[PDB]
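Chemist: Provided hereafter are the protein sequence and its experimental coordinates.
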Amino acid sequence: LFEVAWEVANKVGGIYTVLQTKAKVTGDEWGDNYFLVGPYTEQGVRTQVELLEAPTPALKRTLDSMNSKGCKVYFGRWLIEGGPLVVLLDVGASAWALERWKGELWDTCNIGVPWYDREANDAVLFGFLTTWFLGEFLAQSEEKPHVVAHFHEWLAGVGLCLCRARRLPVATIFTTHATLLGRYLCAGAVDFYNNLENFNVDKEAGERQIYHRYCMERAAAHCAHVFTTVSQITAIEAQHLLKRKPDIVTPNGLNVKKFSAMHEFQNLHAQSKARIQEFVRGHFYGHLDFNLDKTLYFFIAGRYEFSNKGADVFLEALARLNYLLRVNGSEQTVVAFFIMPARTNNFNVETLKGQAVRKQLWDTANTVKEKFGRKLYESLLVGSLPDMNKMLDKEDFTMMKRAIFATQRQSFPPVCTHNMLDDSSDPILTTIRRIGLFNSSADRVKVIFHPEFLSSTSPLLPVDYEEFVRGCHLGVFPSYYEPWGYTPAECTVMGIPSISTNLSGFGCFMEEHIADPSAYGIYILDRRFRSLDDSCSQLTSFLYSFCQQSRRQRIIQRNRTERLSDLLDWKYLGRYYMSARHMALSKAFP
Amino acid sequence: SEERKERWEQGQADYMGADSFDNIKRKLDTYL
Ligand SMILES: O=c1ccn([C@@H]2O[C@H](COP(=O)(O)OP(=O)(O)O)[C@@H](O)[C@H]2O)c(=O)[nH]1
Ligand SMILES: O=P(O)(O)OC[C@@H]1O[C@@H](O)[C@H](O)[C@H](O)[C@H]1O
Ligand SMILES: OC[C@H]1O[C@H](O)[C@H](O)[C@@H](O)[C@@H]1O
C-alpha cells in the first residue's frame, strides 16, 4: 500500500489529520507492507519524524539502489506507533532538472504547472520523485507482489498520469477530499448549490486559474482504476463536474481516544475550561464585571475562509444573540473565540500585559495567602480560634490596594490577541467593528480573535487545539461550502455539541444516521433551502436555545453528543477503504 | 508546436483553439 500525499510531515488541517488517524488501523489490520510518501519542508518536520538514513529491511533495496544517485529519500516512523513506515522525499534537493520533467509531462499528458505558483510545481516535482521511487522498488522487488497505490488530492495527482504513461502494473486508487474548483467558485459570490449541471468548467477554469489543476485532476479521475470521494454530497459534484462517478463513498473517520470511564471527557472539559477561564481573567483584567459561572465559550476554528467556513453568519448571530441577551436582562455571558490563522507580526502589548497583570494579582494574593496561612498556623498551634482581624496588618492591605490600583483599566479589552499587519482589510475585524462588538461592559458577548493555530508551547493559551476544544461549550461551524468537516467531527468525538450544516459532509452524514437530530447536540442548520438572513435567524435561535438551558441540561447534552463517537470511528468507517482496495485489486489483477 | 508551449508557459491559454480537454480525453484511452 502506498498512501502518497502532500500533508504527511507538514501540519495542514486537511489530509494530515485523516492520514494520521487512519494509519493506526490501516497498519494494524494489514501489517508492515504499508508505505507512506510525502514531501520534505525545512519547517521542523524532522522533529516529529524519526528519519532512518541507514539501510533498513522491509524494502531495503531502494536505499542502496537509488538513494546514492542524485536523489534524497528517508524512512521514518512519525512518533506514532501505528507502524507508519513513511518514505519522506526532499523537494529542494532534486530541482535542477525541472525542464526535462516539463518536457516529459508535455510528451505524456500535455500537462504541467506554470511558474506563477510554486506550490503546484513542488507538488509535481514530488510526484515525479514518488513515481521514480515506486518504479525503482518494483524493479528491485522483481514484481513479486502487486502493490496498491493510493493518491490524495491534486497535490499528489500527477502520479496517476505518470504511472499510466509507464504502464506500471499497480492498482490505482484516487480519493479527492475537496474539488478545489467548487471551493473557488463558492468564494466567487455566485450560487453553487441551486444548480450544478449549468456550470461550464473550461470557461470558469483560468479566470480564477485552476485550469491545469482541473485538467490533471480529471485526467487522474479518468485514468485511476478506482475513484473515491469523502461524502455522498462530494460524489454529487464529482460526477456532475469531473464526469467520473466515484466507485464508492468513503466517509472520513477519527481515532477516538477511549477512556476507562465514560465521564472522563467531562473532567477533561472541566480542566480545559478552567484554563480558558484563566486566559479570560487575564484578557479581561479590570473588567471582570460579569459572572464567570454564567460564561459559555463558543468557537469557530479551521482555515481562514470567511464565506466558506461560515464566519460572517456566526458574527451576525453573535450580534443578534448579544442584543437578545441585553434586552432580556440576562446574567449569562458568551465568550466567542475565532481560531482562524491570519499572518501577524507578534502579539499586541495589551494581551500579554493582561496575562502579566492577572498573574501578578495571582502572586500578590499568593503572598497574602502564605502570610495568612502562617498566622493561622500559629493560632491553631496555640489553640485559639482566629478572630480574623489581628492577622492582616497595614502593609499587606497597602500592597493589595496598590495591586488593585495597578490593574485599573480604562480602555476596553482587545478583540485580537495578536498584532495583525493588515487590520483595515481583515474581514473578521471589519465585521466585528461594523456590528459594534468591542468587549464592552454592556456587551453580553465578548469576541476573541486568535489569528493562529493553538499550541501547547505558546506564551499565552498554553493549550493545544484538542484541549481547548474540550474546554469550550459549543462549536459553531455554519460552513457554506466544505466537503466533509473535521472540526465538528472531533467536537462530537470529544463530547462538545456542534452546529453543522446540511451543506456539509458531516451534517449530511449525521442527518440520515440518526432519527431526529439536534436531540444529540448536532444542531443541523439548513443553508440550502433558506436565504442568508433566514440562516442567520436560525443560527441565532440555536444559540439562544443553547444559552437558555441550565448546567444539568448542558451536561446531559454533552453526554448525548459524546455517545455518537462510534459513528465516526475508523473501525466502523474503515470498511469503505477496504472495499476500495478490493475493487482496485479486482480491476487490476486478481 | 513550441508556440503553444511558450504560450502556456506564459500562463494565458486559449479554450476554443488548439488547447482544450478534448485532446487529453482522446489521448488518455491509449494509456489503459
Ligand atoms: O487551531 C486549530 C484549528 C484547526 N485545526 C485542525 O484543522 C482541521 C480542520 O479541518 P476541516 O476539515 O474542518 O477544514 P480544513 O481546515 O481542512 O479546510 C481540524 O482537523 C483541526 O484538527 C488545528 O489543528 N488547530
Ligand atoms: O461548563 P458547564 O457547562 O457549566 O459544565 C460544568 C462542568 O461540566 C463537566 O466538566 C463536569 O461535569 C464538571 O463537574 C462540571 O462542573
Ligand atoms: O473533506 C475532507 C476535508 O479535507 C479537505 O482537504 C478540506 O480541506 C476539508 O474542508 C474537508 O472537510
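Modeler: That came through, no problem. Residues are numbered from 1 along each chain as shown, chains lettered A, B, ... in the order given. Ligands and ions are numbered 1, 2, ... in the order given.

Chemist: and the residue in chain B positioned nearest to ligand 3, what is it in contact with?
Modeler: Minimum separation of chain B from ligand 3 (C-beta to the nearest ligand atom) falls at residue B:21, amounting to 23.9 Å. (Each C-beta comes from the backbone N, C-alpha and C, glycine too.) Going by C-beta atoms under 8 Å, 6 or more residues apart in numbering or on different chains, residue B:21 touches A:202, A:215, A:218.

Chemist: For it, give its distance to residue A:267.
Modeler: 56 Å (C-beta to C-beta, to the nearest Å).

Chemist: With residue B:11 instead?
Modeler: 56 Å.

Chemist: Looking at the two, which one has more neighbours?
Modeler: residue B:11 (15 against 12; other C-beta atoms under 10 Å in any protein chain shown).

Chemist: For chain B, what lies in contact range of chain A?
Modeler: Contact residues (C-beta under 8 Å from any C-beta of the partner chain) of chain B with chain A: B:5, B:8-11, B:13, B:15, B:20-21, B:23-25, B:27-28, B:31-32.

Chemist: what does chain A put close to ligand 3?
Modeler: Counting by C-beta under 6 Å from any ligand atom, the residues of chain A close to ligand 3 are A:13-15, A:177-178, A:230, A:252, A:482-486.

Chemist: rerun that using 8 Å as the cut-off
Modeler: A:13-15, A:17-18, A:153, A:177-178, A:230-231, A:234, A:252, A:302-303, A:479, A:482-486, A:504-506 (C-beta under 8 Å from any ligand atom).

Chemist: In three-state terms, label residue 18 for me.
Modeler: In the absence of a named chain, this looks at chain A. helix (DSSP: H, G, I helix; E, B strand; the rest coil).

Chemist: not quite, I wanted chain B
Modeler: Applying three-state DSSP: residue B:18 is coil.

Chemist: Let me know how buried residue 20 is, in neighbour terms.
Modeler: No chain specified, so I'll use chain A. By other C-beta under 10 Å, 18 other residues sit near residue A:20.

Chemist: my bad, the chain I had in mind was chain B
Modeler: 14.

Chemist: Show the contacting residues for it.
Modeler: Neighbours of residue B:20 in contact, by C-beta under 8 Å, 6+ apart: residue A:202.

Chemist: Now do the helix or strand where residue A:370 lies: which elements does it pack against?
Modeler: Assessed by DSSP states H and E, residue A:370 sits inside helix A:349-382. With contacts taken as 3 or more C-beta pairs under 8 Å, 6 or more residues apart in numbering or on different chains; DSSP states H and E, helix A:349-382 sits against helix A:264-283, helix A:394-406.

Chemist: Need the three-state assignment for residue A:227.
Modeler: strand.

Chemist: so what's residue 11 up against?
Modeler: Went with chain A since none was named. residue A:453.

Chemist: try chain B instead
Modeler: Here residue B:11 is in contact with A:114-116 (C-beta under 8 Å, 6+ apart).

Chemist: Look up phi and psi at it.
Modeler: phi 100, psi 10 (degrees, to the nearest 10).

Chemist: Look up how far residue A:235 lies from it.
Modeler: 32 Å.

Chemist: Contact distance from ligand 1 - what residues of the stretch 51-200 of chain A qualify?
Modeler: Residues of the stretch 51-200 of chain A lying near ligand 1 (C-beta under 8 Å from any ligand atom): residue A:178.

Chemist: Excluding chain neighbours, what is closest to the residue of the stretch 51-200 of chain A found nearest ligand 3?
Modeler: Closest residue of the stretch 51-200 of chain A to ligand 3, C-beta to the nearest ligand atom: residue A:177 (3.7 Å). If the residues on either side of it in the chain are set aside, residue A:177 comes closest to residue A:230, at 4.9 Å by C-beta to C-beta, 6 or more residues apart in numbering or on different chains.

Chemist: got the contact list for that neighbour?
Modeler: Contacts of residue A:230 (C-beta under 8 Å, 6+ apart): A:175, A:177-178, A:249-252, A:483-484, A:505.

Chemist: can you redo those as a markdown table with distance to ligand 2, neighbour count and secondary structure?
Modeler: Listed next are those as a markdown table, based on distance: C-beta to the nearest ligand atom, whole Å; neighbours: other C-beta atoms under 10 Å in any protein chain shown; DSSP: H, G, I helix; E, B strand; the rest coil:
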| residue | distance to ligand 2 | neighbour count | secondary structure |
| --- | --- | --- | --- |
| A:175 | 37 | 23 | strand |
| A:177 | 33 | 20 | coil |
| A:178 | 34 | 18 | coil |
| A:249 | 35 | 18 | strand |
| A:250 | 34 | 25 | coil |
| A:251 | 29 | 22 | coil |
| A:252 | 28 | 25 | coil |
| A:483 | 31 | 23 | coil |
| A:484 | 28 | 24 | coil |
| A:505 | 28 | 27 | helix |
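
Chemist: and of the residues of chain B next to chain A, the nearest to residue A:529?
Modeler: residue B:21 (33.8 Å; C-beta to C-beta).

Chemist: ok, now how distant is the closest residue to ligand 2 within chain A from residue A:264?
Modeler: Using C-beta to the nearest ligand atom, the closest approach of chain A to ligand 2 is made by residue A:270 at 3.3 Å. From residue A:270 over to residue A:264 the distance is 10 Å, taken as C-beta to C-beta.

Chemist: how many neighbours does the closest residue to residue A:372 other than its chain neighbours have?
Modeler: Leaving out its chain neighbours, the residue that sits closest to residue A:372 by C-beta to C-beta, 6+ apart is residue A:391, at 5.8 Å. Residues near residue A:391, counting by other C-beta under 10 Å, number 17.
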